[PDB]
Amino acid sequence: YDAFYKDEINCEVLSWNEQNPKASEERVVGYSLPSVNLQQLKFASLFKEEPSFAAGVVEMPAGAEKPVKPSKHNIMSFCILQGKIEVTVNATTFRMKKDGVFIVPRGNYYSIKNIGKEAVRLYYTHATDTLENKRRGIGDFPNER
Amino acid sequence: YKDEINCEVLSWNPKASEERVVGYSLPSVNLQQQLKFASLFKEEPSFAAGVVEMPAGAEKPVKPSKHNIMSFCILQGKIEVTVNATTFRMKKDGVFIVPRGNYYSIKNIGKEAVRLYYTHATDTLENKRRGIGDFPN
């Protein structure tokens, strides 16, 4: 029954506070992606764990072309929930529909194109190594790469 | 189309490069063993991702997330999730996170097998500030 499956889930979670291991908070720990409002591609960041991890949803209308972008210090993850896409990672090209996943490792280039006439909807995560970023820099001054 | 996708990638070392599997079709991924799973992408120590399949009536008993953030994307089935003694129901195209320092369990409440794409991530700097990990890194 569709009425018993909430669109957003608020929940009280422990805070992982080193000083107070029993401290707690309310945080949104779940979303039904079809019902998420988005802001030529769509996205909404859903879960944020700054600075190490973030995740969200992207949708691409028919005939959409996402231009090549660098992953820089983040590893990208994409899970394809619906549609058809052709994706380039470092001049190697592949296409993929539902239940396919690909990663863009740090320091690489990627692009995505909608090759179907249904809109494509993706679950994305990006993550970075906070210790490594501190020791080597992010590519900004004075640590230009 | 392709089941495994290999690709030449730069290493973020600085121009060294590798051979690595950067894409999978989850239906063709072989699983391992209650529930079954396969680890797909590893970028030690900060990020991991994989696929889990629970059969009908399967229940993963409560375990702690400790210093890892876990996220789950539901490709098939219907589940009941307990995070910190609060339970909620979710189904296909739902995503949920298990924050650090909490207890969680997952139960299949449907008649289809459940399939999840999972990721777990950790804050390597914060872990170091807290004393987590030995000298063999």
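Here is what the cut-offs are and how they apply
Residues numbered from 1 in each chain as written, not as in the entry; some residues may be left out. Chains lettered and ligands numbered in written order. Heavy atoms only, no water. Buried < 20%, exposed > 50% of the residue type's maximum accessible area, 1.4 Å probe, protein only. Helix = DSSP H or I, 4+ residues; strand = E, 2+ residues; numbered from the N terminus. Pairing = 2+ DSSP bridges. 1 Å grid on protein atoms, 1.4 Å probe; cavity = no way out; pocket = protein on both sides within 12 Å on 5 of 7 lines; lining within 4 Å. Points joined across faces, edges and corners; volume = space filled by probe spheres on them. Nonpolar A, V, L, I, M, F, W, Y, C, P; charged D, E, K, R; others polar. Core = buried A, V, L, I, M, F, W, Y, C linked by side-chain atoms within 4.5 Å. Contact = heavy atoms within 4.5 Å. Patch = residues over 30% accessible without salt bridge, like charges linked within 9 Å, V, L, I, M, F, W, Y side chains within 5 Å. Areas by Shrake-Rupley, 256 points an atom, 1.4 Å probe, with all protein chains shown as cover. Salt bridge = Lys/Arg side-chain N within 4 Å of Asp/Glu carboxyl O. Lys, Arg positive; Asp, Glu negative; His and termini not counted. Charge placed at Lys NZ, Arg CZ, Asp CG, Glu CD. Axes fitted to C-alpha atoms, helices over the stretch in contact; angles between N-to-C directions. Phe/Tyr/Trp six-rings, centres within 6.5 Å; stacked < 30°, edge-to-face > 60°.

K.L.:
I'd love a proper account of the pairing of strand β9 (residues 100–104) of chain A, names of residues and values included.
P.N.:
Within β9 of chain A, five of the five residues are buried, which leaves the element mostly enclosed by the surrounding structure. Covered by surrounding structure in β9 of chain A are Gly-100, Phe-102 and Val-104 of chain A together with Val-101 and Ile-103 of chain A, the residues of both alternating faces. Across four bridges, strand β6 (residues 75–82) of chain A lies against β9 of chain A in antiparallel orientation. What sits directly across from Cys-79 of chain A, in β9 of chain A, is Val-101 of chain A. Both β9 of chain A and strand β2 (residues 17–25) of chain B contribute to a ladder of three bridges, which runs antiparallel. Residue pairing across strands places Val-101 of chain A opposite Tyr-24 of chain B, the latter belonging to β2 of chain B.

K.L.:
An account of empty space enclosed by the protein is requested, with residue identities and associated values reported.
P.N.:
The computed volume of the largest cavity comes to approximately 40 Å³. Lining the largest cavity are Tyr-5, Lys-6 and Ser-32 of chain A together with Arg-89, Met-90, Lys-91 and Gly-94 of chain B. It is strand β8 (residues 86–91) of chain B that contributes the most residues to the lining of the largest cavity, three residues altogether. Classifying every residue of the lining of the largest cavity gives two nonpolar, two polar and three charged.

K.L.:
Just give me the short version of the nonpolar core, but keep the residues and values in it.
P.N.:
Judged by nonpolar contacts, the single largest core of 76 residues is most densely connected at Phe-102 and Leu-122 of chain A together with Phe-72, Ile-79, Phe-96, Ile-106 and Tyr-117 of chain B. When near neighbours in sequence (up to four residues on either side) are disregarded, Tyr-117 of chain B contacts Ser-77, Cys-79, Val-101 and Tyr-123 of chain A together with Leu-26, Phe-47, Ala-49, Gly-50, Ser-71, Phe-72, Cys-73 and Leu-75 of chain B.

K.L.:
Can you explain a positive patch on the surface? Please cite residues and give values.
P.N.:
A cluster of like positive charges, contributed by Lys-134 and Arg-135 of chain A together with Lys-128 and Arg-129 of chain B, occupies part of the molecular surface. At the level of secondary structure, the elements contributing two or more residues to the positive patch comprise α1 (130–136) of chain A together with α1 (124–130) of chain B. Checked against the element boundaries, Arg-129 of chain B lands in helix α1. Residue classification places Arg-129 of chain B among the exposed positions, given a relative accessible area of 59%.

K.L.:
Describe the pattern of salt bridges, and please don't skip the residues or the numbers.
P.N.:
Where side chains of opposite charge bring their charged atoms close, a pairing between them can arise. Counted under the stated rule, the structure contains 13 salt bridges over all chains. Measuring nitrogen to oxygen at the nearest pair gives 3.4 Å for the salt bridge that ties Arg-106 of chain A to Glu-43 of chain B. Of this pair, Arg-106 of chain A sits in the loop between β9 and β10 (109–114) while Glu-43 of chain B sits in strand β3 (residues 36–43), on two different chains. Here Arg-106 of chain A and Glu-43 of chain B have matching classes, each one buried. When the shortest N-O distance is used, the salt bridge between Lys-92 of chain B and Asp-93 of chain B registers 3.3 Å. Each of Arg-27 and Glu-49 of chain A together with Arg-100 of chain B takes part in a single network of salt bridges with overlapping partners.

K.L.:
Tell me about the sheet that holds strand β10 (residues 103–108) of chain B, residues and numbers included.
P.N.:
All names here are of chain B. As summarised here, the arrangement of the four strands in space is β5-β10-β7-β8, forming an open sheet in which the pairing is antiparallel. Both outer strands of the open sheet, β5 (59–64) and β8, are each paired with one neighbouring strand and no more. Strand after strand, the sheet turns through a mean of 15° between neighbouring axes, direction not considered. One ladder, built from five bridges, connects strand β7 (residues 78–83) with β10; its direction is antiparallel.

K.L.:
Explain the pairing of strand β4 (residues 53–60) of chain A to me, using residue names and the numbers behind them.
P.N.:
Residues and elements named next belong to chain A. Counting buried residues along β4, eight of its eight residues qualify, which places the element largely inside the surrounding structure. Along β4, one buried face is formed by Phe-53, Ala-55, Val-57 and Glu-59 and the opposite face, lined by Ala-54, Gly-56, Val-58 and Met-60, is buried too. In terms of strand pairing, strand β3 (residues 42–49) meets β4 through seven bridges, oriented antiparallel. When the sheet's bridge partners are listed, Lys-42 is paired in β4 with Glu-59. If you look at the hairpin formed by β3 and β4, you'll find three residues sitting between the two strands. In this structure, β4 lies alongside strand β11 (residues 120–127), joined through eight bridges in antiparallel fashion. Directly across from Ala-54, in β11, lies its bridge partner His-126.

K.L.:
Go over the packing of aromatic side chains, please, and point to the residues and values.
P.N.:
All names here are of chain A. One pass over the structure, following the stated rule, counts eight aromatic pairs over all chains. On the basis of an interplanar angle of 40° and a centroid distance of 5.7 Å, the ring pair of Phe-78 and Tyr-110 is categorised as tilted. With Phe-78 in strand β6 and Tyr-110 in strand β10, this pair connects stretches of sequence that are 32 residues apart. On the accessibility criterion, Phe-78 (4% relative accessible area) is buried. On the accessibility criterion, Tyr-110 (6% relative accessible area) is buried.

K.L.:
Mind laying out unusual backbone geometry, listing which residues take part and the relevant values?
P.N.:
The step from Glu-50 of chain A to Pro-51 of chain A runs through a cis peptide bond, and the omega angle for that step is -5°. Assignment of secondary structure puts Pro-51 of chain A in the loop between β3 and β4. A positive phi angle is found at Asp-99 of chain A, which is not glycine, with a value near 75°. The residue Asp-99 of chain A is located in the loop between β8 (92–96) and β9 in this model. At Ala-85 of chain B, a residue that is not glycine, the phi angle is positive and equals roughly 65°.

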